[PDB]
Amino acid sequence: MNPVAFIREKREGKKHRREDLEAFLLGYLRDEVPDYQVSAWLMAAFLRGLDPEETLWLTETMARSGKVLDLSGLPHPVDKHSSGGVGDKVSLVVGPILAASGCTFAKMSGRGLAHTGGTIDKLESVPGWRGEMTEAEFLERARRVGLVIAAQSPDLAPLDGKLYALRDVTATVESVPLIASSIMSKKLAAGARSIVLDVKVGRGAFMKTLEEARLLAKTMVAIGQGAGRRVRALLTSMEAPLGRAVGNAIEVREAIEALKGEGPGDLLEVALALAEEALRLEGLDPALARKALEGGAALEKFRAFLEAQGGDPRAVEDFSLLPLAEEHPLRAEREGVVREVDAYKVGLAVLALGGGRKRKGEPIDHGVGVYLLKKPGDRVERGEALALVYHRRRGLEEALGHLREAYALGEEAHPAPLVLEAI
């Protein structure tokens, strides 16, 4: 089928033939089809929609466009992915918990950009740690350690990376079928059997309304099922970042404290909820999660994982190896109760401090960040420290501006449930 004919077919709201859909998209992959014809098709797909079958075919075509992992020889291979949000540290706790529960948590993580963080960036805060490894080393550590986090995530479903870049500059990102297929294409390529998705719910950017989140969750589950995978989505709120640390080295510190049984309650609650869903998908006793965490087995897995990838295992016991910058107190200029801490704005603050990157490929300062002392529900008096800002005397004024804007105080606080529902 001719490209113009393919675009027209969708423009008229017709359903594509999988044969034509694959030909069109792969033509784009090989640069045989111009970006302007693909963007026209994306807009038509966005507006006229893609049905469950079309959505599945799109997912599979993208999943097979690059590197594909086969974890069939490994025990209970699971994965976790976040939909929305600004890239939190929950995986640094969920991974260890699942690996210590008899599962194989071998995945590829990405890097942050602007206001969003990335697990790979956080882990590079650990001296010696490396996300680069060969296919053989990845499978070897998956088998021996049970927990592996590799970089080069983009090598998975390159067609998705290409299509996403186009969607991002043509206003065709926010479409449920396109979001669902994008996320699932990378999960199908990564090879895990059971996948748990954390979908952030709320009113604002990087958040989906309840209606949208439920539709997205239902769609990703259907795609997974259609491909023989087991999928479960957990919808959670985001009235503030999970935990108190936002940044890189500071977040690794917090994840370690959590694994030691000294972490923030909200982070622990969500991490266990996600781990428990993964276990249920694999037919494992969900009770194993809390057991692995409170017993220290999870911390043990995290330590072995760091060591296996070059990281200095000493960092687990001595935070001197995960240094932070200069500390500056952010003081409240009002009386009241914290009702919200805009995660987006906290991310903008971290970015201003140099803890984020403005351009892909640029390095970042792993020692800067924010530590939230007051979270929703907390009462704060004027002059009291809301947060601690770790800076390198760079963009501190802008950072403080964003952090102040992030905080929303009032007379009363009715913090919403952290975990809304599972789908």
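When you see a residue number, it is the position in the sequence shown, counting from 1.
As listed in the deposited structure, the average C-alpha B-factor of 315 to 323 and of 226 to 234 is greater for 315 to 323. Between the stretches 297 to 305 and 272 to 280, it is 297 to 305 that shows the larger average CA temperature factor. Of the candidates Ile149, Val196, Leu210, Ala157, the one whose C-alpha carries the top B factor in the deposited record is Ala157. Taking only the listed residues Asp35, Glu54, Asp365, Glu32, the entry reports the highest CA temperature factor at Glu32. When the CA B factors of the chain's modelled residues are split into thirds, the value for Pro177 lands in the lowest one. When all modelled residues of the chain are sorted by CA temperature factor, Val86 is found within the highest third. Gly128: CA B factor lies in the highest third for its chain, per the PDB record. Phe206: CA B factor in the highest third of modelled residues in this chain (values from the PDB entry). Ranked within its chain, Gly49 lands in the middle third, by CA B factor from the PDB record.
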